[PDB]
Amino acid sequence: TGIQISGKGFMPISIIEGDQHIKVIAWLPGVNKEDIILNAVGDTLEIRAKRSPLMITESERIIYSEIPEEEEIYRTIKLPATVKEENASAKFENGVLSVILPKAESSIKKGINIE
Amino acid sequence: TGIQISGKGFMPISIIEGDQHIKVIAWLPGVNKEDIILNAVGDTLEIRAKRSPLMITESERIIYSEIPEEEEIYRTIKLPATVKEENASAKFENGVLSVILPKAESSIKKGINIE
Amino acid sequence: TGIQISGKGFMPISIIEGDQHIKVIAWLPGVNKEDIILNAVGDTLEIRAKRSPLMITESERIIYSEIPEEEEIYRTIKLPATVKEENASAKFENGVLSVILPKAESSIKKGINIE
Amino acid sequence: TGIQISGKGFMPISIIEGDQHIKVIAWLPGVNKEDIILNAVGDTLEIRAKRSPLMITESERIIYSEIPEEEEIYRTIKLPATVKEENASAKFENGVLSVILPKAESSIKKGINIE
Amino acid sequence: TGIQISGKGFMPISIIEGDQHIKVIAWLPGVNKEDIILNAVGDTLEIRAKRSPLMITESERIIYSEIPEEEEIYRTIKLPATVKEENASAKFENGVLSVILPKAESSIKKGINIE
Amino acid sequence: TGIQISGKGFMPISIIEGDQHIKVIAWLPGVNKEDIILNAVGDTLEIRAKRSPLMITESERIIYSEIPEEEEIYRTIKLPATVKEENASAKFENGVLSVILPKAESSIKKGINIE
Amino acid sequence: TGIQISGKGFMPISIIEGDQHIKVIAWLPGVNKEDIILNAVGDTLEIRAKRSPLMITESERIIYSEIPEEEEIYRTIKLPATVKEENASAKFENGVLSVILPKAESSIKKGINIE
Amino acid sequence: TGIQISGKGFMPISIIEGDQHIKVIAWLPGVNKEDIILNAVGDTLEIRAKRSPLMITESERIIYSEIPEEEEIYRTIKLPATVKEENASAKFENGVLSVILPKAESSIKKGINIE
Amino acid sequence: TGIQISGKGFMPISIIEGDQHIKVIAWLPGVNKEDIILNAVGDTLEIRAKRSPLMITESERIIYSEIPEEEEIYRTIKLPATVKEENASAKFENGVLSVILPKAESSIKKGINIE
Amino acid sequence: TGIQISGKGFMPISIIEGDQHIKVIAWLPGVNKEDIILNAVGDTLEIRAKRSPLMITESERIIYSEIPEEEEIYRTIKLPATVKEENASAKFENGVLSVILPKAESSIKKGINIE
Amino acid sequence: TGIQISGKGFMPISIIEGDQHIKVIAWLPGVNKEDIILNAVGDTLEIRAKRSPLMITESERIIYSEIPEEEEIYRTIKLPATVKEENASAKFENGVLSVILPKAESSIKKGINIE
Amino acid sequence: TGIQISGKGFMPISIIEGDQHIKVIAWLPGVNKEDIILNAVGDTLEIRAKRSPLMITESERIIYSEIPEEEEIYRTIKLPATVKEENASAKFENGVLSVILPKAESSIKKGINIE
Amino acid sequence: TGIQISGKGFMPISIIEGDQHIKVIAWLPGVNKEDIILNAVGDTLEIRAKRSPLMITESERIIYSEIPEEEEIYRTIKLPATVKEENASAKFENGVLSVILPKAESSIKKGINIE
Amino acid sequence: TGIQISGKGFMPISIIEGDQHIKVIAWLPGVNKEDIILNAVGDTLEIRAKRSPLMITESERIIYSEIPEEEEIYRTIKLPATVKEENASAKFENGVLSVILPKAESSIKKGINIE
Amino acid sequence: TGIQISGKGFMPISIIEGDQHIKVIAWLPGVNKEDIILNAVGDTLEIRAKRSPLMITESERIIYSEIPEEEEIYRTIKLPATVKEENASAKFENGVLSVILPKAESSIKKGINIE
Amino acid sequence: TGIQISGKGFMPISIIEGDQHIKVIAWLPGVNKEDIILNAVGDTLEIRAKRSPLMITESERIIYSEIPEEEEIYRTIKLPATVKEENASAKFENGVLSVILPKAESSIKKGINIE
Amino acid sequence: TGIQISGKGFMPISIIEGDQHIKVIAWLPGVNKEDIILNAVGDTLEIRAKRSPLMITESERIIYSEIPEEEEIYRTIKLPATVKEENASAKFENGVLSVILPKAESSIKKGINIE
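Criteria and cut-off values
Residues numbered from 1 in each chain as written, not as in the entry; some residues may be left out. Chains lettered and ligands numbered in written order. Part of a larger assembly, values for the part shown. Heavy atoms only, no water. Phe/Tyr/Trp six-rings, centres within 6.5 Å; stacked < 30°, edge-to-face > 60°. Helix = DSSP H or I, 4+ residues; strand = E, 2+ residues; numbered from the N terminus. Buried < 20%, exposed > 50% of the residue type's maximum accessible area, 1.4 Å probe, protein only. Least-squares fit on C-alpha atoms. Contact = heavy atoms within 4.5 Å. Buried area = accessible area lost by both parts, 1.4 Å probe. Salt bridge = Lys/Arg side-chain N within 4 Å of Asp/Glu carboxyl O. Polar contact = N/O pair within 3.5 Å; in protein donor to acceptor, adjacent residues only side chain to side chain. Nonpolar A, V, L, I, M, F, W, Y, C, P; charged D, E, K, R; others polar. Pairing = 2+ DSSP bridges.

Determination of this PDB entry was carried out by cryo-EM to a resolution of 2.49 Å, according to the record.

A word on the packing of aromatic side chains
For the structure on display, the rule yields 23 aromatic pairs over all chains. Their ring planes at 25 degrees and their centres at 6.2 Å tell us that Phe10(H) and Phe10(I) sit as a pair that is stacked. Here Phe10(H) is found in the loop between β1 (4–8) and β2 (13–17), whereas its partner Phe10(I) is found in the loop between β1 (4–8) and β2 (13–17) on a different chain. Its relative accessible area of 27% is what places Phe10(I) among the partly exposed residues. Feature note: the residues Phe10(A), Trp27(A), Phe10(B) and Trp27(B) constitute an aromatic cluster, connected by ring pairs.

Overview of the relation of the copies chain F and chain E
Superposing chain F onto chain E takes a rotation of 180 degrees plus a shift of 0.1 Å along the axis, which leaves an RMSD of 0.0 Å. The transformation relating the two chain copies, once decomposed into turn and shift, fits a two-fold axis. Most of the interface of chain F is mirrored in chain E: 95% of its interface residues are interface residues there too.

With respect to unusual backbone geometry
Its identity as a non-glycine residue notwithstanding, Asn94(E) has a phi of 55 degrees, on the positive side. Mapped onto the elements of the fold, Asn94(E) is located in the loop between β8 (89–93) and β9 (96–102).

Remarks on the interface of chain I and chain H
Taken together, the 38 residues of chain I in the interface contact 39 residues of chain H. The junction of chain I with chain H conceals about 3,400 Å² of combined surface from both sides, 61% of it contributed by carbon and sulfur atoms. Remark: the boundary between chain I and chain H carries 3 salt bridges. Between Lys23(I) and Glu60(H) there is a salt bridge whose closest N-O contact spans 4.0 Å. Summed over the shared surface of chain I and chain H, the result is 16 residue pairs in polar contact. Sorting the residues of the side of chain I that touches chain H by element identifies β2, β3 (21–27) and β6 (61–65) of chain I as the ones contributing at least two each. In terms of residue class, the side of chain I that touches chain H is made up of 21 nonpolar, 10 polar and 7 charged. Two elements, β2(H) and β6(I), share 4 bridges in a ladder whose sense is antiparallel. Bridged to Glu17(H) within β6(I) is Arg61(I).

What follows is the structure, given as structure tokens:
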């Protein structure tokens, strides 16, 4: 399986391969649904997102923090099969994005008989 | 500011202190609202959560993954002020939890005049 | 959870916290029941014990040993809650001591509603 | 004295040799008497045991622990003398096991006169 | 020759290239014939297998072992030529699997004359 | 348990001890049944085998290999009990050899009563 | 994004990807416009240039220098998309070269709807 | 320029790229012309050769040597352009082999005008 | 055997000593026969050669190279015997030079009888 | 010769093997004759001793010392032959102990003729 | 195979095990036949030898030497089988000693049938 | 206390100082009484001794040894007080030598009163 | 004394120089007398030998070995004097070769008178 | 070419070998012509020189210096050919000495024909 | 004394300061007098030179060399006093250049009286 | 100057070369004149000596020593010229030996004229 | 024994102590008898010497040297006993000086009786 991942930001990724489709799971906590861009062609997928920073009053101040302040995040993924992007689907729930991509006919493997 | 953090799992935390309240922000992507337990007394707050693992069919398999598989997560936080837990509030949205805690009368600071 | 452990000897310890009580488990192999002293006040517990050494005849001698020969052992434990020591209980069986300590009213945490 | 020790788990051991017998002392805190298996032949002794794990309610949780969670423990010991296993005896008290093994006639040493 | 190997488990591999075919040899000791899955398309081959673990009675126990206990094993191989999977063959004997894959017409090399 | 292993080649081994017998499991992928020699006496077992090397045509060549080319393999094993070799049995299946060896009367251990 | 850069000399490069085109910026200080060669096909671009060395009189001499004296410079770039070279354009100004390359129809990505 | 070299033996290589062809130069001292195999397809070239070892009489012996004794040598080369192998040519002289390979129409680059 | 080698360039050497002659083998790939100078006197041999560099057109360029560009090469060899240079011979074939040198009468060794 | 030495204290040892007996020499300076215990069976010998410490008056004090103050000393020795302990003898003189042990009939070696 | 080697001097050793005998080969250059002592019992063999030192005249002196000057040499070998020393044989030729030792009936291994 | 010790061999020493005398204890195991030389003058003492080496028969040999083979031993001791050597005494028993040396009048210390 | 040693194999050497001759001693255990070649001229000596390898039956196998398996051995020695090879002699006994070489008249040193 | 250089001082050297002569170049700045000694015999050359030190007045002093103050300098050179010293010549100019040495007839090399 | 030296090549320098002048000595072996340029102004001096390289015939070659082949050499020196360049002088002899520079009136130091 | 020194012992050496002779100085303190052997031939010199060891009475002993106890000492020296040993001379005084060796006619160097 | 050595130069020293005298041996090669100064008082000895340096002619020069060129040498020695310098004696022979010093009455040691 040839996998290429590139981009910037904090975004953990899981890839699941079946016999006839591919599933991608991405973690995007704090991002609105209307600020995500998803694109795909051939064997390549592209995810882009923005998250708004934490807004404080001037009376308030941050005394402890582990949450990063990158505003723009993106990933480019090269997949081990050619997909059909016209039949794909996606869902966003509790800050998790799930993409389902059906495989093309020329990438579906065939069985060999053992004796 | 005396801050104590302990627990287990993956859970980034931000603490914001104002003049009359304290705000806590926690990242919990993939957790249902009905699986969170929030408790507070004195100057101590406790957050407990469960996230369901990723369910696959036996035809499918995971070829790449960066998402951790801990099932139980919790944090215990000791705060720099005594709060009133009977007036507190919380919100859960896009996988982010936000807690607002009002301060007690014996922890509100008073000004000194400079000349 | 603020935990402080100090003392001397060999004595493994487990601490279990519930919603309304605290349980402590201690390993004391070879100690008689009438040679244990247990005390508690506030948020502090104290365990003291003696074990008799191995008595041999002058015809006999020790050719191999991994068992330590400390005679006095004790632990002092500072707990994350204030307990009521007048309602506590303890049991000793197969060399294991188990202590149950009920929590005070000012240390019982209260729930916050999420919406 | 040729001594061989092997096995798995946590089990400290002491060996005492006299003129006509051998004594073995083992530390087994938390084990029931009916879950110990003792065997011996020739110059070899075998001890097997099980200890039940710590059972909690789902309201409770373990915040500190030094007690190990191995469930099966055993030791195999090769001794410096041939014993008679038909005359041996054993005792279990406060989590300590004590085994007494009489020596065979062909392993009892004889004195040489000095002048 | 571009060769890509990925997967999990213990499975040694040999690849042999001729003028008109490719041969793959894999070591699978302890696997039943009906628990192997072989697939191929384009220039990629996929081998999946399961081996049952070693079953003991509770009187018996394992005192020495060098054999690994992974239950699921697989390999994905990217080959230096495009093959025809409809003419391929495979054999399984003494725990060794042998796969023969004929080459496509567009991957058969042609000679150049030297003078 | 006194275990001695020596020899040459690639041959993983598992040893299982019961109350009245000993089992040995060996991995020999690629070896014919008629090329194995098994011997035993006292507390010692001996396994010898040959595997034929991989035969190629001069048009073919090996471009990748992880399979070793030792031709002669053997193991000598010293066991923790004296066996009866006249009652032993062996099986060879899918490249795995399994040997069952009954114990002699002078190596069967006897129980000691605990009180 | 698969990017391959090779060549020789001093030539800093920037690559900008849009939705429908690719832009390349190169730094070539001291090079005449009529000494640049630009070529492209498929997903590959090639830049070649010459710069004349610094000409001095024999009365003059160089007492300090940080400017390199390579005479031939070139870069070969492999791009993450297939372009149409018949619609490309280029500009040279103040020693900076800018190339605009339109994308082919088979490399333009398509959107997936999220719900 | 994507270049891949693999193989075994001693064989220095030079690659020259023009506008419409590719030239490869290889050093093979001591090899007969009738013991060289040259093949090419797509963007890949393959060179195979044998050299006879140095034959001595039993009266003679080698007291100093820097010449290696590998008998089989080969190289596989992946080129940065697709060639036409039906129009290629080769020459062998003084132990040097020279191969000329014409480029295909889809790999010939086109010029871009600068203004 | 006293052997001295000196010179410059790339030139591997083998020396073979018999009972009545000495043979020298040298690797010179790419050198014309009319550009070699061979000299010998006493116990010293001298080899000098030139190789023409690789000539390219200005459209062409070298993108990969392992072949060295030294133009002048020579070796001086001091031998373990005095030779007769008036009876020597040499051959040049496939880029390999072979020199045969007969030994003088004062360097031919004589046998000693063993009893 | 299989030799095993174990014990505690300061006691240098020499072992001398003849054709029909074994001699052991031990250094015990400062030990009374009536405080030594010597035992032997099979192929094992055991030496035990006590030495009284240095007694001072309270006016006196030790300003320099290299003599050790261990009070109990012992050695256990496993020999390379089976002896007859009923025919052994021992002597003590100037702080040196000498033990003579005759060999059993089954440990006396026999000669092989060379031709 | 349990092998124990001990002794002093320079004496290389080879051990060969068959089905019914054991062979030992020892290198003793410079030793007379009448100065070798060979003994064996049980599973133990003993070789003792003396070699005379190099005798020079006072006019002569040693300007270079690699030959050691130990005068007494011996080896003790513990074998992996019990032998019959009354049927053994030995030969001495060109400074090499060869010993043949037949095996006892209780050390000859028996075959196990595989199915 | 100024103490100087010098000499050669193995000889442990203890020095005891009182109010009116000095005691020296030396360990000499294996030395005859008639082979000791004791001398003293001023503040210096001298001990010289010989021990006979271990005498073996040519049938016997030493297979293990920790006892040193120095034949001559001596110590020179410079003391922190001037003694009277005409009133000194010495004893030899079980390999231990004890010397008593009375102090001179000019080295006896006098008390100072504290108030 | 100028000494040069070269060659291959295992062969220890001693060189002894007198007033009128030179002696060489070589260790060759396991070599037949008819397989040695000795030559000398000027100030150079040459020793060549072969030893047959250890021949086993297929029932037998080598379980331990320290004896090397080089088949061809030789040494070349350059001496500090010119010898007369027509008066030399050699002996072979118990695997040791001894060569005596008389000196030439031009290498015999002459005395200088001291006053 | 056997070259030996020895001596003391600062004197850089160049050696040039032709077909019939040898040239030596030496750097001697600050040396008068009448203070050089040149000698040669066989294959050895010897150069000796003196340079006067820098003379100052007592008003003057040296505040910086890199020029060395050795007064005597010499070199001894062993050459790779025997020369005729009766036909040699030398020149001294601008502090550089040049020596030309013709070769003897027995060191002039002769050509070997190649075919 | 402020001294600054810069430039390139091999040129050792000595600087001598008096009461009324400055002397500079430079080593230039192999340089012609008509190829030196000397300049001075203020407190700065500049020396420039060329040396011709060593010219050989094509029959000749350089087998050893320590003389450097830089062709252009120069030094710039900043002096600790202001000089009058219109009264300066220079000499060149045996490859050594000597420059005398008179001091200006404003750099001549004046004495202070001590009492 | 080719100098070779070899031998054993303590013997410092100085070598002085003139135009027509060679001088050697050696330090031999404690050696009698009648125990020195001096030899020379060609270009080689040989010095041999004995010194008697230090003789003590049994009442006396050595408490400090820096003088070495080698009894035999020798040096072999290879000189840079051929000498005439029939005209040599030697002197011995205060433990210093001085040897004068005249040079042969073929080693006397001849002058070359410089212009 | 308190020994103090100080001074400068090369001078090895040996000190021998008897019952009634002290002997000192010093190595002074190359020193005349009339250039030595010997002094002693109390427990201290002083040796002073001069050696003339090696005198050469200006035709001669030193090409190798290990002999040091210190001109003044001396040693001061503090002894472990008070001597009588009016009864001392000294000898000088072959470059070795020997001094005999009788002991005073207050340093002669007295014996102590052992029982």
